[PDB]
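Structural characterization, general
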Amino acid sequence: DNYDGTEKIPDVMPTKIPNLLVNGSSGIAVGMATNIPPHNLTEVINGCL
DNA sequence: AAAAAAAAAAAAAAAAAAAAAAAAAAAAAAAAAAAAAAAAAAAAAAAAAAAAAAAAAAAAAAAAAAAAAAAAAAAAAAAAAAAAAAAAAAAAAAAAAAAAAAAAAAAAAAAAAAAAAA
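Residues numbered from 1 in each chain as written, not as in the entry; some residues may be left out. Chains lettered and ligands numbered in written order. Part of a larger assembly, values for the part shown. Heavy atoms only, no water.

- If you check the header, you'll see the entry was determined by cryo-EM and the resolution is listed as 3.0 Å.

See the structure below:
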């Protein structure tokens, strides 16, 4: 649900691309901190296969 | 009383900055090992000193590698043009001590007010 409750948002996208390994990520939480480098799409798909 | 400049209304153009949260790097300032350097002790190889000696400069003189002369030929270096690197000369500057103008505390004394006595 939305913050107002008037609409709805997806909880997670039904992806076909491994977006986390491919595009990477970077963020600063309060206790944690993520830093994932990007990867090549063909190699990651080969690993998935 | 004339001139000039600020400011404010509302639709337009275009910008700038402070913090949180984790993880890694980069400056920049300290204790603290670690070795030069220096003062002040005892200690010990070198100059002195002397007598005694024999190894290499003189001297004779031949001769054999030599330095000047002659020639031919190759082409390194010097001076004149330009084009870059790198350092004193001179002038400028931002904090920084000096001076001057405005805010807060001070009481002396009185106007107005509030309150109560007989």
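**Section: the overall build of chain A**
- When helices and strands are tallied, chain A shows two helices and two strands.
- The helix and strand sequence of chain A, counted from the amino end, reads α-β-β-α.
- Looking at chain A as shown, the accessible area adds up to about 4700 Å², and 58% of this sits on carbon and sulfur atoms. (Helix = DSSP H or I, 4+ residues; strand = E, 2+ residues; numbered from the N terminus. Areas by Shrake-Rupley, 256 points an atom, 1.4 Å probe, with all protein chains shown as cover.)

**Quick look at the protein's contact with DNA strand B**
- All residues in the neighbourhood of DNA strand B are listed as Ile28, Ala29, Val30, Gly31, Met32 and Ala33.
- When atoms of DNA strand B within 4 Å of the protein are split into backbone and base, the sugar-phosphate part holds 50%.
- Between DNA strand B and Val30 there is a distance of 2.7 Å, counted from a phosphate oxygen to a backbone nitrogen or oxygen.
- Looking at the surface near DNA strand B, its residues break down into five nonpolar, one polar and no charged. (Near = heavy atom within 4 Å. Polar contact = N/O pair within 3.5 Å; in protein donor to acceptor, adjacent residues only side chain to side chain. Nonpolar A, V, L, I, M, F, W, Y, C, P; charged D, E, K, R; others polar.)

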